[PDB]
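One chain comes next, on its own, written out as structure tokens in the form deposited in one PDB entry.
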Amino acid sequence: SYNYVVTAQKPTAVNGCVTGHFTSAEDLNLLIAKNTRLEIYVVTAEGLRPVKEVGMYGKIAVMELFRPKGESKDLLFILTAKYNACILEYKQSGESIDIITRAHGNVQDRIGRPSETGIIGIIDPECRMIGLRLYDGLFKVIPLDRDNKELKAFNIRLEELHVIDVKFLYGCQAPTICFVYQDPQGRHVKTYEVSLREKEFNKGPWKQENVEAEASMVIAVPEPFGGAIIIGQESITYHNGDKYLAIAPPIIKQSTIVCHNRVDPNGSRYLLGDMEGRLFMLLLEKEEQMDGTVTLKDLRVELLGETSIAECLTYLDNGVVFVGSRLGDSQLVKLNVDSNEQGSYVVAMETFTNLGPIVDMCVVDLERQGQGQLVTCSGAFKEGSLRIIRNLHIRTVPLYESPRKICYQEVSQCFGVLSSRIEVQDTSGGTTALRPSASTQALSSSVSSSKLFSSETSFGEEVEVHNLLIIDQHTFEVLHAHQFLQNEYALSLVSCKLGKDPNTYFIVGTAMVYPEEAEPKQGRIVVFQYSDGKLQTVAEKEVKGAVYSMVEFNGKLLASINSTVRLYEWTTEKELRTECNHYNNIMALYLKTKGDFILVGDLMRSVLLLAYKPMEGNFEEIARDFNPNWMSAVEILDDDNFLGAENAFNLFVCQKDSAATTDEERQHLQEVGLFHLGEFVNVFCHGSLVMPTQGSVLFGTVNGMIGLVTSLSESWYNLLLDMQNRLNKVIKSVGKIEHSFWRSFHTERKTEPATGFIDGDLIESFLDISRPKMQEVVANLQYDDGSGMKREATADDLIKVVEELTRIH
């Protein structure tokens, strides 16, 4: 089979933000990185004025601005996760806005272990070279000459393999690196001078024997001072030569500082963000001396207030900070001289919808219009939310805790959501909440009275408390919250009718997670009803393992328990009775169904096709395909084709073999499609957001992107594949990156060309080009219309075929 993949909603989470002068030398730009998108704004007095949005054929991994001597304005260096390096320039010709590629190249090395602390990309202050930390033991140096348009580079052998963070220092006689590494004898900071002449390392200005156990951040302090600030779990120190300061502010001991931003060019104020949303001001106390010098007297940290959980911060101007968020909405916040009555200098100005991460979703026709709305569990911790998405209208329902699974119960006209909040062990017996949240603020509440599990010592650490929430479908008010058993972990949730019972139930499958036990030996399948505003337990079945997955199966309840797939029957006495068991060697994580076929999958892309046999009351294994690789989600496209989401950000389709004469051939599922999506899919979902092609599968990803997969005719696939090669000859790609490279199936070890999949986003851009390029792509293109002869295609013919393909989302 042949498939078509299109973006219904672009990635919304922010993974980067730098400021500088990219568009005009005089303008102040804000540049935002959204996985495959780049956004440009100019900072105003009211807020942000949009300027230009683009997409790359890559995942943006390094985004930094720089200005080599003799340049009008700043240039843009971008490196993609597939190691496409490029330097871009802004070029506006009246109203023609264009991002031109001044230099570009691929920095990938065949040899080499990708580092544990990720791709690092730093540029020296004097814009003489681009430093790259790609692999353990090496350091890539791209020398910055106006005569290096191909980004040729070289490597320097790095002793000290496990490097945490590295930056170029300021005010140095030679380009100098400052980095924190870990070896057997503790964690240290060291400096290396970089010789672009000798292409190796020379001795560094200083090396500090030992530093904090968990020193994780290196900030290079600018030219007024020099040196570097290292930040850790409990301490903040300043190092330069023989000068040293160190503070251990108790105010930052409660969570980890994970991003920073320099406020002013002299480097005396920094913003620090931590993992829970606190925003701090790091201040460097300068001491003006009677000679010309300035000395640094002390360090001081002040808590500014709360924000979204920040992946990146960036100070704009006039007390306005941009908070870039992966787990919640991005913000513009305002800082005020005087803290308000509550003690916060922080005031919200603006929020930005971020759908990511989408951990679950479901399609509902609430408006009963035969339209359809997407309802997602998105965000984590205090950023957690439902989002109702419509044809694109986004409504938001704050939860202040992590939603995990969602399903719709039309009869009750409400939603049922499995949720997770963090509580901390109290000094009494129990555990007290971190903050008020949906779990704790319902209209009515309940706790499991089960006591099925009757035979540790928490200290002051975190525990997860899981709830089933009943959310009204019109107000989204939490109508009921049922708290599960202590140490019970709610995994699966389904709404359906069972057997000959006319009631619709919520069914929840769980696991009993104890920190001593590696694999779970105990779980529960609990049957809830919820009929008169109140939620009642209608029997519970104990099982000897984790109930990872559950499906309604033809009036019965199919379930995973560790490696077992089990079909359950609903008796007249309203309880679960096992019908049959199919024991697998793989752990049955994924469970999808279609008629009598059952798709089973584990985390390593082991794909299994069981079939229920009505005449024998048993399961029978039809076919299998094992291929060691991480799998994140999977779905049944039809009786013969299965779609999966595997590493790294790839989609795959396997199929039941039609060329099967031998019983060995019929028992192996062939791979028929490979594609680099660029996103990490958390959930597939059959459904459509609208009123040619066959089928409609939506999928949500971690970065909040929403995509659609549908299947085509062989006639249509062949034609659109010719178009892809033809549109790729006329569409200017930002980093001068080949589309066929970007969509190549990719592992850390393997790359194979994409196949059986058509890039719908590339297909739809046919409409946005002009008719000289338009008539250029159609030239000599034969087309399988109804007439059995294949005629040359007019472009006005092709506007009609693409305009129909846009109608699917």
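Definition used throughout: the rigid core is the maximal C-alpha set that superposes within 1.5 Å between two forms. One-based numbering along the sequence shown.
The same protein also exists as the form deposited in another entry; that form is not shown, yet it is the one meant from here on.
J.: For the core superposition between this form and the one not shown, please identify the residue among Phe675, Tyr192, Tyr612, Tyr270 whose CA shift reaches 2 Å or more.
T.: After core superposition, the single residue displaced by 2 Å or more is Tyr612.
J.: Once the core is aligned, please say if the CA of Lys500 is shifted by at least 2 angstroms between this form and the one not shown.
T.: Superposed on the core, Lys500 moves its C-alpha 2 Å or more between this form and the one not shown.
J.: Does superposing the core leave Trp630 with a CA shift of 2 Å or more between this form and the one not shown?
T.: False for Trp630: its C-alpha shift is below 2 Å.
J.: Would you say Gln522 moves its Cα by 2 Å or more between this form and the one not shown, aligning on the core?
T.: Yes: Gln522 shifts by at least 2 Å between this form and the one not shown.
J.: Compared with this form, is the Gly58-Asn148 Cα separation smaller or larger in that other deposited form, the difference being 3 Å or more?
T.: Farther apart in that other deposited form, by 3 Å or more.
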